[PDB]
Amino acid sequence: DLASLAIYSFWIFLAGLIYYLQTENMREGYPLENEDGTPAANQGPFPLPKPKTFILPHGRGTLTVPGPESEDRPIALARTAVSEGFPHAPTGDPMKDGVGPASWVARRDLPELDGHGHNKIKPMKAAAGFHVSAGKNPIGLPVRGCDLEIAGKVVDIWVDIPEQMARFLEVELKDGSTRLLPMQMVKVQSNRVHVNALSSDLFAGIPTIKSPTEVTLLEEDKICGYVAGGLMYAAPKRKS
C-alpha cells in the first residue's frame, strides 16, 4: 500500500543523504594520517568527495577542496609514549612555538576584504566616522593582567566596518609599542579592562602586526591563538 511504499522510499533516500552529507564534510582534514604524518591505512567506509572550486572575490583566485594538506609551519612537539593515542609534549615554549591551545594556522598573510574590496577591520581612528554608540568606551582605560598588574592602556578600538562591531582593542605597552587583544577575551569594566588569559609579563610576547592600519588573517590567527593559549599556559601567574 501507498503509505508503506512512501516510508520504505524515505529511509532509502535518508541513507543516501547521510552519505552525501558525510562525504561533503571530508573536504578538509582528510585523508587521515598517523602521528608521523604518513596516511593511515584505515580511512573509514566513506570515500573523499570529487573536488569543488570556490572562486575567491577581489582577484584572490581559487580554492579547490579536497586538496593537498600541509601545516606549512614546524610543530615543536615530541611523543610522550611508544604507541598511538598519547599527548605530544611541547619541546619549547608552547606560547612562543604556537602549539596546543596557543595553535595558529598558516592562513593567507592578507587581510579579509569587505564586499567592495576595502579592508574589513580598521582602527576606529581611520574609520570615518565610527564612534562608540553604547556601553563603556574602553579607549584610555588601563589593561590589567590575570596577575592583577597593569600591562598597558587602550589607545583604539579596531572595528569591523560592514558588521559594525568592535573586534580588537589596540593596547599600548610600557615600551610605547602596541598589540591587538580579541574583544572576546577582555572584560571592559568601569575603571579598567581585565584580561584573564594573560599575565602582565606575557603582553610583550603577543605577536605584532607588520602594518599599523591593517591586520592579516595570518596575524589574526597568531594573536588569537597566543591569547587563548594563555589560559592553559599563564595559569601559574593567575590569582582570584
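Take the two forms, superpose them, and find the largest set of C-alpha atoms that agree within 1.5 Å; that set is the rigid core. For every residue, the number given is its place in the sequence shown, counted from 1.
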In 9 other deposited structures of this protein, superposed on the rigid core, which stretch sits farther off in Cα RMS terms, 16 to 24 or 227 to 235? 16 to 24
Between 70 to 78 and 163 to 171, larger RMS Cα displacement in 9 other deposited structures of this protein after core fit: 70 to 78
Look over 67 to 75 and 99 to 107 in the entry and identify the one with the greater average Cα temperature factor. 67 to 75
Taking the entry's C-alpha B-factors for this chain, is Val195 in the lowest, middle or highest third? highest
Compared with the other modelled residues in the chain, in which third is the CA B-factor of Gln43? highest
Taking the chain's C-alpha temperature factors as the reference, tell me which third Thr80 falls into: lowest, middle or highest. lowest
Among the modelled residues of this chain, does the Cα B factor of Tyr20 put it in the lowest, middle or highest third? lowest
Split the chain's modelled residues into thirds by Cα B-factor; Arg179 lands in the middle
